[PDB]
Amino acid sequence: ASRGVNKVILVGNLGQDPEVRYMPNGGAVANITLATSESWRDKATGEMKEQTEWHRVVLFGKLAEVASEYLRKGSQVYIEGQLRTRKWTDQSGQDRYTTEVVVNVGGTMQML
């Protein structure tokens, strides 16, 4: 598991309540989507120049349930995970790719 580092650290708020589901053979998989905003004002004072980014975080086991029990819409949380892009096929049988921050082995989540 050497050959480099895959690390993403996030601090942000949930868009909606955690969407927990069960994976085959003992579920415990919680999908949360969080926002991080950023600001600036490049071409002349625009009184604002916000820009929200949405991240798709996925927790497993213990943490999946913790989020399930204590994370609600607004919760602010700290996340440390790895990026993983998964390929899946859609209705029309076309190839799709989804990138996520999965909180696994050396991961971690924590309410703020």
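Heads up: residue numbers just count along the shown sequence, starting at 1.
S.K.: If you take the mean CA temperature factor per stretch, which one wins between 25-33 and 74-82?
M.R.: Mean B over CA atoms: larger for 25-33.
S.K.: Take the C-alpha B-factors listed in the entry for 54-62 and for 41-49, compute each mean, and give the stretch with the larger one.
M.R.: Looking at the recorded C-alpha B-factors, 41-49 comes out higher on average.
S.K.: Quick one: which of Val11, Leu14, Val20, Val101 shows the highest Cα temperature factor in the PDB entry?
M.R.: Top of the list by C-alpha B-factor: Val20.
S.K.: Among the chain's modelled residues, which third holds the C-alpha B-factor of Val105?
M.R.: As the PDB entry reports it, the C-alpha B-factor of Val105 lands in the middle third of its chain.
S.K.: By the recorded C-alpha temperature factor, relative to the other modelled residues in its chain, which third is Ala1 in?
M.R.: For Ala1, whose C-alpha B-factor we compare with every modelled residue in the chain, the answer is the highest third.
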